[PDB]
Amino acid sequence: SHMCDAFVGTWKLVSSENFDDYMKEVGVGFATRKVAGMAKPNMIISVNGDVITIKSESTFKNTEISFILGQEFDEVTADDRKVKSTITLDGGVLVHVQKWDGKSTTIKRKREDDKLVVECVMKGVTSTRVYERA
Ligand SMILES: Cc1ccc2c(c1)c(-c1ccccc1)c(-c1ccccc1)n2CCC(=O)O
């Protein structure tokens with residue numbers, strides 16, 4: 001319990017850096033990059049018992065994952081990858097690893113001041129996505 005208290009709530013995307021390059025590294029095609037890159041998703045995080053749910057709500061796509069920390073699950077990403085995901089807490093940071101087609105990407109989420117900072121890493125490319133409470 002209480003593991004994710006400071007993450008819970010509704011968050012709105014307020015800044016994005018190097019997301020197109022991240023998406024290129026991931027293998028997202030041109031048209032999806034352009035439309036996905038315009039989106040300003042809300043992120044909705046909730047907890048019930050041991051189950052954490054993370055939703056996106058946007059113009060482009062709505063996504064939803066529910067999971068237990070450390071327990072691998074199937075995920076369909078906003079760009080339509082079918083991945084195997086595992087999410088853990090490492091020193092108060094949610095660490096989300098996605099595996100597909102022999103590739104891997106890691107998304108880290110942390111609270112910093114009044115923001116929720118999301119760092120997406122694919123090989124040598126990092127993108128930073130900053131959210132504030134909605
Ligand atoms: C290609 C790609 C890769 C990673 C992506 C997305 C798209 C979208 C998304 C983009 C546009 C619309 C909807 C979802 C979201 C997302 C956003 C918020 C919540 C949960 C996941 N993530 C996680 C990183 C982020 O916070 O941006």
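Indices start at 1 and increase along the chain as displayed.
Per the header of the entry, the method used was X-ray crystallography, 1.1 Å.
Keep in mind that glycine also has a Cβ here, set from the backbone N, Cα and C atoms.
Over in Swiss-Prot, the protein carries these features:
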type	residues	note
MOD_RES	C4	N-acetylcysteine
MOD_RES	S15	phosphoserine
MOD_RES	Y22	phosphotyrosine
MOTIF	24-34	motif 'Nuclear localization signal'
BINDING	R129, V130, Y131	fatty acid binding site
Same-chain residues six or more away whose CB lies under 8 A from the CB of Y131 (fatty acid binding site)?
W11, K12, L13, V14, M43, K115, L116, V117, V118
Helix, strand and coil residue totals from DSSP for the motif 'Nuclear localization signal' (24-34) stand at 8 helix, 0 strand, 3 coil
Among the modified residues listed as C4, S15, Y22, the Cα nearest the Cα of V130 (fatty acid binding site) belongs to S15
Which of these recorded positions (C4, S15, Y22, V130, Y131) have a C-beta closer than 6 Å to some atom of ligand 1?
none
Listed in sequence order, the residues of the same chain lying six or more positions from the residue listed as 'N-acetylcysteine' whose CB sits under 8 Å from its CB are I45, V47, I52, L89, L94
Please report the distance from the Cα of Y22 (phosphotyrosine) to the Cα of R129 (fatty acid binding site), rounded to the nearest angstrom.
11
Radius 10 Å, atoms counted are CB only; among the recorded positions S15, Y22, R129, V130, which position scores highest?
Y22
